[PDB]
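One structure is given below, encoded as structure tokens.
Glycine gets a Cβ as well: all are built from the backbone with ideal geometry, and neighbour counts include every protein chain shown. Taken together, the values in this text are just the output of simple stated rules run on the coordinates, not laboratory data.
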Amino acid sequence: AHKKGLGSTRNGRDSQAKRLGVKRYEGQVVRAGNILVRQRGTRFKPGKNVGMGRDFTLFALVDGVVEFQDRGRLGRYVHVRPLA
RNA sequence: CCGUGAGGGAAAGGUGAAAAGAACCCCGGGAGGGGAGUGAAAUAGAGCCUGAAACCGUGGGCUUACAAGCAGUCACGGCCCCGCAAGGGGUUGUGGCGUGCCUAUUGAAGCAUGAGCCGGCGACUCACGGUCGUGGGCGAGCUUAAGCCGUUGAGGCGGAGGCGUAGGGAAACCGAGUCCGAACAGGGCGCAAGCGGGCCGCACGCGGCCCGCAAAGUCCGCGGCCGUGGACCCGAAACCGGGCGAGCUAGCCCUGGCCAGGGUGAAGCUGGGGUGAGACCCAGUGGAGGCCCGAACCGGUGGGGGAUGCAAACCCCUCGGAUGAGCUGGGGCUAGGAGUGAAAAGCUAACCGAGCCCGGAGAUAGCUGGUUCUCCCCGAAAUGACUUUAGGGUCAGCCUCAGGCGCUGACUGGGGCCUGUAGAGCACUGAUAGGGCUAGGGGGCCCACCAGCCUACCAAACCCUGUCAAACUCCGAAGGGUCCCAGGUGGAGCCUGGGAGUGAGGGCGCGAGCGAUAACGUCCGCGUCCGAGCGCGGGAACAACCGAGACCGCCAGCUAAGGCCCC
RNA sequence: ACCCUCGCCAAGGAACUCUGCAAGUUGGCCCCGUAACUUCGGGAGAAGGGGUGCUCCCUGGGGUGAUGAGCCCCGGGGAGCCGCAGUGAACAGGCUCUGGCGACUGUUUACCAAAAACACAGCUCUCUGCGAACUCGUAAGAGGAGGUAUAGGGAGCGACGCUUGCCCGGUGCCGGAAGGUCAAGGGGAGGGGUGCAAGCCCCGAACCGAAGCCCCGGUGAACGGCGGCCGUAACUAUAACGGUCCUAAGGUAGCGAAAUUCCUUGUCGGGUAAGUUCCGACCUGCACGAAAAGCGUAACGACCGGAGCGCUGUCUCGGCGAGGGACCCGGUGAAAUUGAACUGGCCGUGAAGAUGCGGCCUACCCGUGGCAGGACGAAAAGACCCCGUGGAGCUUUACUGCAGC
RNA sequence: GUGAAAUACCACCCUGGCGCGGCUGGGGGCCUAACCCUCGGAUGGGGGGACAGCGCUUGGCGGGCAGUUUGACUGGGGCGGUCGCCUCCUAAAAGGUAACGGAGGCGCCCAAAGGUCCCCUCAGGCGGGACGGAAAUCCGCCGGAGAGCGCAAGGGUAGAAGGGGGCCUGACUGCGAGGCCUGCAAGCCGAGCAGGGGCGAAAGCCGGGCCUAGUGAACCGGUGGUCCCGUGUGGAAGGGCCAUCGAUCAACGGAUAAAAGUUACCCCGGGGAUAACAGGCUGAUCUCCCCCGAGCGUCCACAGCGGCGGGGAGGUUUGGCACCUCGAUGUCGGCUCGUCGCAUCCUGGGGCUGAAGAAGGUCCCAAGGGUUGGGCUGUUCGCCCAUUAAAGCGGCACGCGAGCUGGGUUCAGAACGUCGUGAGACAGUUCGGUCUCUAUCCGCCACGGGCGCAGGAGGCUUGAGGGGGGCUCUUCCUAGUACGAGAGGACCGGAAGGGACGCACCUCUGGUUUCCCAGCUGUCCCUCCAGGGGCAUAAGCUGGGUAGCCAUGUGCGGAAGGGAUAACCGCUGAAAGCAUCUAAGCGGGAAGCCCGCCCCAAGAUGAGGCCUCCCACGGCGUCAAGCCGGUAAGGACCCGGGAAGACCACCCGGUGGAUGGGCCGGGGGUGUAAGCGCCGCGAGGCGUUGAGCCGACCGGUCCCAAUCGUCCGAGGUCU
RNA sequence: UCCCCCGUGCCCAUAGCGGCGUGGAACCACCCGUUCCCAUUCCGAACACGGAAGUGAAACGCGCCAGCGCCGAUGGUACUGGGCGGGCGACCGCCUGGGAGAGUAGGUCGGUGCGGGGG
Ligand SMILES: [Mg+2]
Ligand SMILES: [Mg+2]
Ligand SMILES: [Mg+2]
Ligand SMILES: [Mg+2]
Ligand SMILES: [Mg+2]
Ligand SMILES: [Mg+2]
Ligand SMILES: [Mg+2]
Ligand SMILES: [Mg+2]
Ligand SMILES: [Mg+2]
Ligand SMILES: [Mg+2]
Ligand SMILES: [Mg+2]
Ligand SMILES: [Mg+2]
Ligand SMILES: [Mg+2]
Ligand SMILES: [Mg+2]
Ligand SMILES: [Mg+2]
Ligand SMILES: [Mg+2]
Ligand SMILES: [Mg+2]
Ligand SMILES: [Mg+2]
Ligand SMILES: [Mg+2]
Ligand SMILES: [Mg+2]
Ligand SMILES: [Mg+2]
Ligand SMILES: [Mg+2]
Ligand SMILES: [Mg+2]
Ligand SMILES: [Mg+2]
Ligand SMILES: [Mg+2]
Ligand SMILES: [Mg+2]
Ligand SMILES: [Mg+2]
Ligand SMILES: [Mg+2]
Ligand SMILES: [Mg+2]
Ligand SMILES: [Mg+2]
Ligand SMILES: [Mg+2]
Ligand SMILES: [Mg+2]
Ligand SMILES: [Mg+2]
Ligand SMILES: [Mg+2]
Ligand SMILES: [Mg+2]
Ligand SMILES: [Mg+2]
Ligand SMILES: [Mg+2]
Ligand SMILES: [Mg+2]
Ligand SMILES: [Mg+2]
Ligand SMILES: [Mg+2]
Ligand SMILES: [Mg+2]
Ligand SMILES: [Mg+2]
Ligand SMILES: [Mg+2]
Ligand SMILES: [Mg+2]
Ligand SMILES: [Mg+2]
Ligand SMILES: [Mg+2]
Ligand SMILES: [Mg+2]
Ligand SMILES: [Mg+2]
Ligand SMILES: [Mg+2]
Ligand SMILES: [Mg+2]
Ligand SMILES: [Mg+2]
Ligand SMILES: [Mg+2]
Ligand SMILES: [Mg+2]
Ligand SMILES: [Mg+2]
Ligand SMILES: [Mg+2]
Ligand SMILES: [Mg+2]
Ligand SMILES: [Mg+2]
Ligand SMILES: [Mg+2]
Ligand SMILES: [Mg+2]
Ligand SMILES: [Mg+2]
Ligand SMILES: [Mg+2]
Ligand SMILES: [Mg+2]
Ligand SMILES: [Mg+2]
Ligand SMILES: [Mg+2]
Ligand SMILES: [Mg+2]
Ligand SMILES: [Mg+2]
Ligand SMILES: [Mg+2]
Ligand SMILES: [Mg+2]
Ligand SMILES: [Mg+2]
Ligand SMILES: [Mg+2]
Ligand SMILES: [Mg+2]
Ligand SMILES: [Mg+2]
Ligand SMILES: [Mg+2]
Ligand SMILES: [Mg+2]
Ligand SMILES: [Mg+2]
Ligand SMILES: [Mg+2]
Ligand SMILES: [Mg+2]
Ligand SMILES: [Mg+2]
Ligand SMILES: [Mg+2]
Ligand SMILES: [Mg+2]
Ligand SMILES: [Mg+2]
Ligand SMILES: [Mg+2]
Ligand SMILES: [Mg+2]
Ligand SMILES: [Mg+2]
Ligand SMILES: [Mg+2]
Ligand SMILES: [Mg+2]
Ligand SMILES: [Mg+2]
Ligand SMILES: [Mg+2]
Ligand SMILES: [Mg+2]
Ligand SMILES: [Mg+2]
Ligand SMILES: [Mg+2]
Ligand SMILES: [Mg+2]
Ligand SMILES: [Mg+2]
Ligand SMILES: [Mg+2]
Ligand SMILES: [Mg+2]
Ligand SMILES: [Mg+2]
Ligand SMILES: [Mg+2]
Ligand SMILES: [Mg+2]
Ligand SMILES: [Mg+2]
Ligand SMILES: [Mg+2]
Ligand SMILES: [Mg+2]
Ligand SMILES: [Mg+2]
Ligand SMILES: [Mg+2]
Ligand SMILES: [Mg+2]
Ligand SMILES: [Mg+2]
Ligand SMILES: [Mg+2]
Ligand SMILES: [Mg+2]
Ligand SMILES: [Mg+2]
Ligand SMILES: [Mg+2]
Ligand SMILES: [Mg+2]
Ligand SMILES: [Mg+2]
Ligand SMILES: [Mg+2]
Ligand SMILES: [Mg+2]
């Protein structure tokens, strides 16, 4: 029988997964309120017809379609062009 | 029958209508038989109706001493037996193929569990509630309970009462509304039920009778599941109550008995010495003692033997005590958290860390085991979250059934983005070898403070050449995710409800961790098989490797993997 | 064959083995003669020897008679005889030296432990003033005890000898009229509910209210604690000597690799040809120590160790003999176990150890006496281990109660 | 003047103390009459005495007792660690994703670090700069973000979320379309409407904070409001609703308001879901060999060695894993009995040597056979003693407990040290402690029975194929010679002895010999003396002792010899005009291999061979047995026996006979019988006398017994 | 329509940085002042106001260059959906789709709408 004293650790704790990311991709029809993106920082700037919540939480406020737009060094966006 | 006792507690029924129960003869000591006789029957002949199976025999048919096996099965052949025949029955000589049943498991022929064999007993029920479903009755309603009257396998009556017809509010309360609110803002519960439709009074009107069974419910029957009950059956170690036990053992009380023979020779006495008397020294006597040796007796030291024993503690040899804290008969007392204990938790009626019996009692058992007829359709799980949870559970995932919805499913084509792995690359964060240049610092020529000069040492920052990274990224695929439009009629999908089981997984491939890039290792990810395909072919044999999804039959055909010299 | 119980054995003589386990040796009686040590009783059966039959002769005591003979009972001296052998058979200690542990005789785990365990005389502490304390019991009552401090109860140690240090901080026990806190109850400033009111109901601050704990002193043959760390003497080492502290204080004597020593077969010495044991020492005591006593001690022990002598079948190393079985016949006639069996070897393979798969090898059918490697042989639903929100016994400054005070 | 502060006088009061008095409490003392105890029985006398006892109630102490609690995870369990939340990675470019994987944080804080309006832009690099480090604050360029943002990390960010200033409190109330996330309930984003506000000219923005941790369901209660309910009525008490409070319920989905240990005195239910043994897988560790050649070896890498490092094999170590076995796979050491491997301790062959010889070293070939006795410890192992040719290393469930032992270890007792308050405990010690007559199958050793072997018999045989056995030392002669300065000291060949072992044997030596002989004791008996018998073991004791069986005793054995080979050494010889053992062909060469030697053996169904015997159909089916009863050669049965033997078998006899028993002779053992005579008082001693008795052995002799008989068994299938 | 300038957006480096031109007629800026609205942590620097002598110096606008920055092929690899194989293993190969990053050739000192003033 050999079980010499067994060492120990500690750094064995992690955090809960937050399921962040883009929740609605361009072309998708969305009602007002539908929280499109749900990032942490400003990865995606609020576009026309879009609203930013406490946590930069992007959400549409107009019943229409979705669509992004890369402005280069101006940061990406995500406006919901109205179903006109 | 068992136990001292409380108490436990069996087994065992059948001649025949009628004893008519077998006179008598024969073998025999008898038993038992053979005749005779009774009877419808005696293989109804006496523990006798019927009398199965295991088991034991006698006779016959086939067949066996060079073969080897989960005992069979498929194929021919021989012998025997039926029938006219075709055909069939029994046996088994060769050949081919073949890893018991149950259980439990990731996995069993398994050298894991259970079973000697046969027969008989042996486990998912019942009551009342609940929830679905279903066969009926009546339905803006339905229905009685106790009890009464009747029957004597006759039903009636009985509206107390219960559900249902209004939802809301914590409530007062209001009401198709209501609750929060100041609010005709909002919002949470709520409601908004006709008719597929024959007929027909026979208004150019459908009334409304009718209808499914609803608006819509109830009642009764049946079935599934749930709750409370022992709630599928068997099983604890234990807990508690009332009793029975000291004829075993422990301790004390009373009253009686037993201890061959020897050995040793305490104190005392007496005598002789002794001295001034004494002490004291000698003998002698004496007969003390948890004294000695050793039978009885009481012990149980070592060894052997015994080990389904002579024996549930024995036998043999050898040992301890043996006038003592000794041994022993009879009569008595103390007992279950109690007694007793020269103290081992010993002993308390052959298992005492808490006696035995009966009772609570069918204790509880998230554990183990077992769970009995046939066929047909579908068919899992071994994951996640939480759990005094981790071999148990609740919800979800996956299975199934009923009803509803009807192209929405998996998969695929075309669009649009979402992303930072592979790879690569240093621009960031760090790591990097050498070289250049160059703050310093050893230190060096030193004209000595004013700098200075040199240095195959140390050495920043910075540039050049070479690289490194899961927690680096200037960059970045393949793919993957999702939405839209299209294909796609599948034991596809979606919605509502009834029944689950599963929450130990395993091997292989690939992508990571751990490990020591060891493990038939371990932990996740996708996939796939096994599981449940220990069904079939290949791989010598072999759950998961290659082939391939077994409804049944065929003395037909083409193939798969793998093969094509013989086996 | 083998097993039991018994007999003998050449040469050796413990080389056997955990161990002289077993067996043998020795064994009665008489006479010589016996060591250390000692509590002067012992150790004494210490050891170590010698004698032991029978015949004849002589002779002394006693008991009974009678003082005599007989008959009994103890002796003393002489000669001689025969065996391998004279307690001629049976009953019948092997001895010694040295340690440990208990004093001694004794008691105990009925059925694996007889002991260094219990007990024990003796020592100390403590309670009890007698309706004693304590024990049983609800109570009455009873034991204590028809006892009374030279008694009882409880506790530890355990003859005897020399002794039994240091620390009272904490726990316990004894004593304690300062103080802290604390129950019922008392007391009621003040406040409340209702009544038209008198009222009737309540709440409630000061303050007064027991043991208890805290506190203060004592107490060790009360529970207990006695670790360390620095400095220091004519090499070196050591430290009589000083200092230090979270605690209260830091091991006095005596013992010591011990029933205690991890390192360890410590290191010296002894005994042996050779010694992890043993004996005597040293002291680095992992982790002795004074009454859960320290250190000794004659005597005692079916206790445990180590050595010698003796003698052996223990062994080298077996042999033969005997009897009771085993074997065969007649009689009688069990058992655990058992899925069924038509039950072989090797390499493999397989849930990792197959008579049963594969390939090969071997192999006529059926018994009888033997052996014990396999049938993961039998027996017992592993006593170890883990699991179960299983169970019991026991402990305490775990919780919560209760008796008792 | 001193002091912090001033004193004559005047007061209001405070501190503490003493008196006399109300309020409330304590503790004594005396009394007797309740209660208690006592006196030769007492309506009474003593003693205690309102205490004690006893009732109700307060608080206390309280393992003496009772009921219980003492978590989970976990590469077994325990010990250690951990348990909720946040960041990054692992995570395989959506989301999610595990491990006792890798690395860090949280259990707060801010009234300004909040709302809004208006301004401002950093860090560093290089210059130049009073104290000024290498960053204080300045000035000038250059600098898109590397600074800053309360704290971890990440994301984000100057077109501000950063830095400053002004008013402010939206860190609102009533709501809340629509979503993210999700088992449950929780978490999260939030436009928009209403009420009443803040800042801005206005557009507008404000329902805390750049963002992601800073947290806790329910239950039970507290405090404000509510006016909702309030037990006949009214009011109250008490609830409800709204708001808010008390959680290291941190084991962080939270069992009770309330909880630790121990068991070797232990018990049940389960598990090979899970540890200890053995096996299995693996091979880090272990053992072994190989590659490289620093560098040692006077010189020289490789005689012998081998730095740093590298590649392997084995599966005997210590482990890892947790795969069969927990309705049981007995565990260390010894004994017994073997058997295998070779990585060889000895012995046999051989290469190189830093090999003169002798003795070594090293490597290659080679297990055929060997591989000692003791002291110590339970030991394995080791250390010693004395030897040896050597005192090999491993495997077989660390071989072997239905084979033995039980000394070590693991049950109950007891003690030491030590840990614990304790009960108890300790890979610490110490003494003690029940290891189960029966073998069914396989396997193994032996012995039979049946049938077969294609006529039946009685003999003798061949040997396919098995088994046994294989050892080694010393001395002498070659020759004190080759070799060697010397000391020492061989090969090859040839002898004689040993040791262990094996088979057989009993002449000898030495055992045993259970009644062969003698001697002896006690007792009972026959028959009194004498002479005898039983018993004192299953021999009473003692001394002897044939046959048989035996070792300590005796004789033999290992071979010799032939053949093929290992390493190794060559001949001839190309490819490659040389060289080369190789490619073709040929040799030499081991205790090893084959055969030789001893033993078994034709169930060698492949059933063999040789010699000799007896042979016929006689009655009867499918006409050579497919058939019956006598037969034949022969064979059993039965009997007498046996150095044969458990039984069976095998061998020898059976009256034509020496088989056993007896009798006779001889061996052989006892060691002078009885009786009688002589001497002695007697025990005894002479003599007759090597007498008597007398198993098995070597033989004679029909005296007794193997009387007499019976039953099987050919008639022999095919070209 | 066409050049120049002034405001504004889009594209977000081939849209810039840095050198070298040049421009003021107009617009713009610098300036002249700062009594007044308004100001600075202190400065009219910056905001702000009233102006108009001088100027293009600054700043800005518009050209020029490739050196830094940036952009960046084509080929060929890497890697990889899917399919099929090899090695004891560490790993690796063929088929079929997709297909980088670096590197090289080379590209660039912008393009462009709406409204104003002016030739
Ligand atoms: Mg917001
Ligand atoms: Mg009885
Ligand atoms: Mg008749
Ligand atoms: Mg009948
Ligand atoms: Mg009848
Ligand atoms: Mg019958
Ligand atoms: Mg054959
Ligand atoms: Mg045959
Ligand atoms: Mg099972
Ligand atoms: Mg399963
Ligand atoms: Mg089996
Ligand atoms: Mg089985
Ligand atoms: Mg089981
Ligand atoms: Mg079963
Ligand atoms: Mg049955
Ligand atoms: Mg049955
Ligand atoms: Mg019902
Ligand atoms: Mg039951
Ligand atoms: Mg009772
Ligand atoms: Mg009694
Ligand atoms: Mg005595
Ligand atoms: Mg008597
Ligand atoms: Mg005995
Ligand atoms: Mg015995
Ligand atoms: Mg015995
Ligand atoms: Mg036995
Ligand atoms: Mg005695
Ligand atoms: Mg009891
Ligand atoms: Mg009872
Ligand atoms: Mg008692
Ligand atoms: Mg006793
Ligand atoms: Mg007791
Ligand atoms: Mg008993
Ligand atoms: Mg109990
Ligand atoms: Mg009950
Ligand atoms: Mg039960
Ligand atoms: Mg049950
Ligand atoms: Mg359950
Ligand atoms: Mg199906
Ligand atoms: Mg359907
Ligand atoms: Mg479609
Ligand atoms: Mg698509
Ligand atoms: Mg990479
Ligand atoms: Mg389906
Ligand atoms: Mg699981
Ligand atoms: Mg698992
Ligand atoms: Mg699991
Ligand atoms: Mg696995
Ligand atoms: Mg693996
Ligand atoms: Mg499947
Ligand atoms: Mg399969
Ligand atoms: Mg199978
Ligand atoms: Mg196959
Ligand atoms: Mg099918
Ligand atoms: Mg074909
Ligand atoms: Mg002898
Ligand atoms: Mg002798
Ligand atoms: Mg010895
Ligand atoms: Mg020995
Ligand atoms: Mg003895
Ligand atoms: Mg005599
Ligand atoms: Mg007399
Ligand atoms: Mg005697
Ligand atoms: Mg004696
Ligand atoms: Mg004796
Ligand atoms: Mg004693
Ligand atoms: Mg004694
Ligand atoms: Mg006993
Ligand atoms: Mg004793
Ligand atoms: Mg005993
Ligand atoms: Mg009382
Ligand atoms: Mg009395
Ligand atoms: Mg004591
Ligand atoms: Mg003793
Ligand atoms: Mg095998
Ligand atoms: Mg088979
Ligand atoms: Mg047999
Ligand atoms: Mg046996
Ligand atoms: Mg066995
Ligand atoms: Mg009186
Ligand atoms: Mg009185
Ligand atoms: Mg009185
Ligand atoms: Mg009183
Ligand atoms: Mg208790
Ligand atoms: Mg992801
Ligand atoms: Mg992915
Ligand atoms: Mg939700
Ligand atoms: Mg009221
Ligand atoms: Mg192994
Ligand atoms: Mg079993
Ligand atoms: Mg070799
Ligand atoms: Mg030589
Ligand atoms: Mg065995
Ligand atoms: Mg033992
Ligand atoms: Mg023993
Ligand atoms: Mg003993
Ligand atoms: Mg042969
Ligand atoms: Mg053969
Ligand atoms: Mg002889
Ligand atoms: Mg002899
Ligand atoms: Mg002799
Ligand atoms: Mg007699
Ligand atoms: Mg003889
Ligand atoms: Mg040549
Ligand atoms: Mg040759
Ligand atoms: Mg030759
Ligand atoms: Mg044969
Ligand atoms: Mg033959
Ligand atoms: Mg023949
Ligand atoms: Mg004869
Ligand atoms: Mg004769
Ligand atoms: Mg003679
Ligand atoms: Mg003779």
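Mind checking which residues of segment A:58-84 are in contact (Cβ under 8 Å) with a residue 24 or more places away in the chain and small (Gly, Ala, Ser)?
A:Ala60, A:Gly64, A:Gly75
Of the residues that make up segment A:37-57, is at least one under 26 Å from A:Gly75 (Cα atoms), away from ligand 1 (no atom under 16 Å from the Cβ), without any contact (Cβ under 8 Å) to a residue 24 or more places away in the chain and surrounded by fewer than 10 Cβ atoms within 10 Å (Cβ to Cβ)?
Within segment A:37-57, not a single residue is under 26 Å from A:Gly75 (Cα atoms), away from ligand 1 (no atom under 16 Å from the Cβ), without any contact (Cβ under 8 Å) to a residue 24 or more places away in the chain and surrounded by fewer than 10 Cβ atoms within 10 Å (Cβ to Cβ).
Checking A:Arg24 against (1) surrounded by fewer than 17 Cβ atoms within 10 Å (Cβ to Cβ); (2) part of a loop (DSSP other than H, G, I, E, B); (3) away from RNA strand E (no atom under 16 Å from the Cβ), only one condition comes out false. Which one?
Of (1) surrounded by fewer than 17 Cβ atoms within 10 Å (Cβ to Cβ); (2) part of a loop (DSSP other than H, G, I, E, B); (3) away from RNA strand E (no atom under 16 Å from the Cβ), only one is false for A:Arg24: (1).
Return only the number of the condition from (1) in contact with a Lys or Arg (Cβ under 6 Å, 6 or more places away or on another chain); (2) more than 26 Å from A:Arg81 (Cα to Cα); (3) not hydrophobic (A, V, I, L, M, F, W, C) that A:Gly64 does not satisfy.
With respect to (1) in contact with a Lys or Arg (Cβ under 6 Å, 6 or more places away or on another chain); (2) more than 26 Å from A:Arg81 (Cα to Cα); (3) not hydrophobic (A, V, I, L, M, F, W, C), A:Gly64 is out only on (2).
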